[PDB]
Amino acid sequence: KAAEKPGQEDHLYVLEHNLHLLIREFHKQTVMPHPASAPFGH
Amino acid sequence: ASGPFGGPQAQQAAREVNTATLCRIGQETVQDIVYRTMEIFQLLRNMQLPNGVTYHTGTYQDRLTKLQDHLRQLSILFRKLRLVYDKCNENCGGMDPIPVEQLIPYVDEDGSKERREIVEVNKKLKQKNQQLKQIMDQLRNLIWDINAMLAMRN
Amino acid sequence: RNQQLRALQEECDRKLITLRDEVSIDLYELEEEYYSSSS
Amino acid sequence: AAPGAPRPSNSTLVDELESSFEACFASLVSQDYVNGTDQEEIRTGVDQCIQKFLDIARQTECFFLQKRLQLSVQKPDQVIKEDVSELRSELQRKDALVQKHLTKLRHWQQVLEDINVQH
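Residues numbered from 1 in each chain as written, not as in the entry; some residues may be left out. Chains lettered and ligands numbered in written order. Part of a larger assembly, values for the part shown. Heavy atoms only, no water. Residues with missing side-chain atoms left out of burial classes, pairs and counts.

Method-wise, the PDB entry is recorded as coming from cryo-EM, at a reported resolution of 4.83 Å.

Below you can see the structure in the form of structure tokens.
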């Protein structure tokens, strides 16, 4: 079922970047290789 | 007498008082006159040949007409130049000679020998600037709003 | 659906930028205004 | 005359401006045939007329500033009232700009209150 929680401007529009960075690092090291035919690289 | 004879003034009333406003308006007028001279010279500079390749008589025929207006403009400025010039010589009240040579010691620090409305307006303007900056701060901080978030912004 | 919601954010993103644009204008519209105060 | 000490002249600082302004356009404004051959000759004249024009302009400027200084040290109440009116106008313009920005933000939030299509 006080007056310290609120602070200087350190709110939603900072952490969203940190969160998105993770899925971005996933994506960057997940695009099809397709270099020429199939060496299967970066 | 010296009055609003078609002068592009903002809020000035041009009355029997405030000769400071009269002198400042005259200075602004002569400055704008010189500026208008330079401007109309810049305009008449690129007076391209009327017989254009594509345009036969369309474009320039209008432009030159507009220039005429500009001319008219500077014209009335000259008129204003007279209107103030009399007033400058009209309000001859209090210490007509007024030696600036003697005034230069007066504006010096030393020689080894009414303001209620002013203060009120000053305090009002200071409080206005304070509340203005207070209103600024919010949008000032939230101004970027995409800077940290350019990683996914488009 | 993904593509659908793509639009849902895409234009939205643009809108935000548009907001920024407007805000930027407003920003500038106040900056000169900040100059006037002779405190 | 050049070597003479006395300066026998008067009636200037008013008609002088119009005279100078009108006169040095003569190269352009003229009801006379123009010989279709000239170069590096009409230059010096217009340089001189801009020179004299800015000179008498500066003269007028200094005269106006001296008059303003004299009246200020004579009648400071006028300058005080001028500054007060200027501050009032500045405050009015600031308030108008603030109201314009407020209305703009209001419109902006109102139009995209429902930016989200559906769920």
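*Asks:* Sorry, what's going on with the overall build of chain A here?
*Replies:* Broken down by element type, chain A carries 1 helix and 0 strands. Dimensions along the principal axes, computed over C-alpha positions, put chain A at roughly 65 × 30 × 10 Å. (Helix = DSSP H or I, 4+ residues; strand = E, 2+ residues; numbered from the N terminus.)

*Asks:* Is there a simple way to think about the overall build of chain D in this case?
*Replies:* Within chain D one finds 3 helices and 0 strands. When the helices and strands of chain D are placed in sequence order, the string is α-α-α. Compactness check: chain D gives a C-alpha radius of gyration of 29 Å against a globular reference of 14 Å for 119 residues, more than 25% above the reference. With respect to the principal axes defined by its C-alpha atoms, chain D has extents near 95 × 55 × 20 Å. (Rg over C-alpha atoms; globule rule 2.2 N^0.38 Å.)

*Asks:* Explain the interface of chain D and chain B here, please?
*Replies:* A common way to report how large an interface is uses the accessible area buried once the components associate. Of the residues lining the interface, 20 residues belong to chain D; the matching set on chain B comes to 25 residues. Going through the elements one at a time, α1 (15-23), α2 (42-74) and α3 (76-111) of chain D are the ones with two or more residues in the side of chain D that touches chain B. Looking at the side of chain D that touches chain B, the element that brings in the most residues is α2 of chain D, giving 9 residues. Split by residue class, the side of chain D that touches chain B holds 9 nonpolar, 6 polar and 5 charged. (Contact = heavy atoms within 4.5 Å. Nonpolar A, V, L, I, M, F, W, Y, C, P; charged D, E, K, R; others polar.)

*Asks:* Honestly, the arrangement of the chains in this entry has me stumped. Any pointers?
*Replies:* Contacts are most numerous between chains B and D, taken over all 4 pairs of chains that touch. Across all C-alpha pairs, the smallest distance from chain A to chain C is 14 Å, and the two are not in contact. Where chain A comes nearest to chain D, the C-alpha atoms are still 19 Å apart, and the two do not contact one another.

*Asks:* Honestly, the interface of chain C and chain B in this entry has me stumped. Any pointers?
*Replies:* Taken together, the 7 residues of chain C in the interface contact 6 residues of chain B. In the side of chain C that touches chain B, the residues fall into 3 nonpolar, 2 polar and 2 charged.

*Asks:* It is not clear to me how the packing of helix α1 (residues 19-45) of chain B against α2 of chain D should be interpreted in this structure. Could you clarify?
*Replies:* Axis angle and axis distance: for two packed helices, these are the angle between their axes and the distance between the axes, and together they describe the pair. α2 of chain D packs onto α1 of chain B with a crossing angle of 165° between their chain directions and a minimal axis gap of 9 Å. In terms of orientation, α1 of chain B and α2 of chain D fall into the roughly antiparallel class. As for how α1 of chain B packs across α2 of chain D, the hand of that crossing is left-handed. Of the residues in α2 of chain D, those in contact with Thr19, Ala20, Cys23, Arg24, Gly26, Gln27, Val30, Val34 and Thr37 of chain B of α1 of chain B are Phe53, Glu61, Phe64, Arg68 and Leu71 of chain D. Class assignment for the residues of the contact of α1 of chain B with α2 of chain D results in 7 nonpolar, 4 polar and 3 charged. (Axes fitted to C-alpha atoms, helices over the stretch in contact; angles between N-to-C directions. Parallel < 35°, antiparallel > 145°, perpendicular 65-115°, else oblique. Left-handed = near helix turned anticlockwise from the far one by under 90°.)

*Asks:* Where do I start with the packing of α1 of chain B against helix α2 (residues 59-90) of chain B in this structure?
*Replies:* All names here are of chain B. Interaxial distance between α1 and α2 falls to 10 Å at its minimum, and their mutual angle equals 155°. Considered as vectors, α1 and α2 are oriented roughly antiparallel to each other. Like other packed secondary-structure pairs, α1 and α2 cross with a definite hand, here left-handed. Judged by residue contacts, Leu22, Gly26, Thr29, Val30, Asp32, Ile33, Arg36, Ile40 and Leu43 of α1 engage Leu67, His70, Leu71, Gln73, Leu77, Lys80, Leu81 and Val84 from α2. By residue class, the composition of the contact of α1 with α2 is 10 nonpolar, 4 polar and 3 charged.

*Asks:* Sorry, what's going on with the UniProt feature "coiled-coil region" in chain D here?
*Replies:* On the UniProt side, "coiled-coil region" is annotated at positions that read residues 78-114 of chain D here. Between the end C-alpha atoms of residues 78-114 of chain D the distance is 56 Å, and the span holds 92% helix and 0% strand. (UniProt positions renumbered as here; feature names shortened; annotations may be inferred.)

*Asks:* How should the packing of aromatic side chains be read in this particular structure?
*Replies:* Each aromatic ring pair is summarised here by two numbers: the centre-to-centre distance and the angle between the ring planes. Their ring planes at 55° and their centres at 5.8 Å tell us that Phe41 of chain B and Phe25 of chain D sit as a pair that is tilted. Residue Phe41 of chain B is located in helix α1, and its partner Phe25 of chain D is located in the loop between α1 and α2; the two belong to separate chains. Ring centres of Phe21 of chain D and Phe25 of chain D lie 4.7 Å apart, and the angle between their planes is 85°; this geometry places the pair in the edge-to-face category. Through a chain of ring-to-ring contacts, the aromatic side chains of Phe41 and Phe78 of chain B together with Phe21 and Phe25 of chain D assemble into a single cluster. (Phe/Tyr/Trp six-rings, centres within 6.5 Å; stacked < 30°, edge-to-face > 60°.)

*Asks:* What exactly am I supposed to notice about unusual backbone geometry here?
*Replies:* With the exception of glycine, most residues fall at negative phi, and the peptide bonds are largely trans. Residue and element names in this part refer to chain B. The backbone of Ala14 sits at a positive phi, close to 55°, despite the residue not being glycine. Of note in the backbone geometry, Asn18 takes a positive phi value of approximately 60° without being a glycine. With respect to the element layout, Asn18 can be found in the segment before α1.

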